[PDB]
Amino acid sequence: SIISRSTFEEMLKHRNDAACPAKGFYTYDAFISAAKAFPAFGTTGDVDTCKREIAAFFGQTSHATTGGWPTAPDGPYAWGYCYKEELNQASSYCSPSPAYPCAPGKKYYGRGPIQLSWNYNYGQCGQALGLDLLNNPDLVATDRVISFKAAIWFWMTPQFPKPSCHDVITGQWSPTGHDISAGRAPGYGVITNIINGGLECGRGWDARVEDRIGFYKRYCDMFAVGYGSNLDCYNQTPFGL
């Protein structure tokens, strides 16, 4: 009960349009089942903080899967969850390691709501959930429940030097001096940085960053809560340089 059926359907009300390749795949019942694997997701903090965690998770995943455009019906921030796999599937996304070795003939391109990528992410996730995602990465795009479990797993897991998205949005992250001079003050912008900052943050205005913010504001307005501070990353140095 971290979110109701009718709220879920209104948030994602164009995902089953004829133009959307993932039509029929994303369901309320499968999201609720995946959430049970991570009981602290959506239940941490006061009432306003729980609402902001739900709006931020669906804001970032909506951008990663959007089919919107500026004159779309009900505006561009009603078109999340239209896709479920990366458009260009040429690359294998292999970064060789003894810990998580790349399986022969397999490819670790983006799948599901968070567009999970690279062998080390499929590997760590599969270990945590007791699933064989390193040998069978397609499961993140073919099984309705596992697709959501992989996205929530990423949201909840720190990867040094990055904190978890969960910790940042619930107020459990405390920035160091190094973070402060890089412009990384706590808020929605730092979450964009964790997810894809190497390509999107610190260079000035960027259309992808604006689109992430638009979805988050719409969902916050639906729940009647304020946005918080520091929403963009136009002036933040990326993690890991």
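Residue indices: 1-based, along the sequence shown.
Comparing 99-107 with 137-145, the stretch with the higher mean C-alpha B-factor in the PDB entry is 99-107. As the entry records it, the average C-alpha temperature factor is higher for 90-98, out of 156-164 and 90-98. Set against one another, the Cα B-factors of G189, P39, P175, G68 in the record reach their highest point at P175.
Note on the listed residues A78, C82, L116, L131: the highest Cα temperature factor in the record is that of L131. For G112, the recorded CA temperature factor ranks within the lowest third of the chain's modelled residues. Looking at the C-alpha B-factors along this chain, the one for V209 belongs to the middle third. Among the modelled residues of its chain, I180 has a C-alpha B-factor that falls in the highest third according to the deposited record. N230: CA B factor in the middle third of modelled residues in this chain (values from the PDB entry).
Annotation for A34: CA B-factor lies in the lowest third of the chain's modelled residues.
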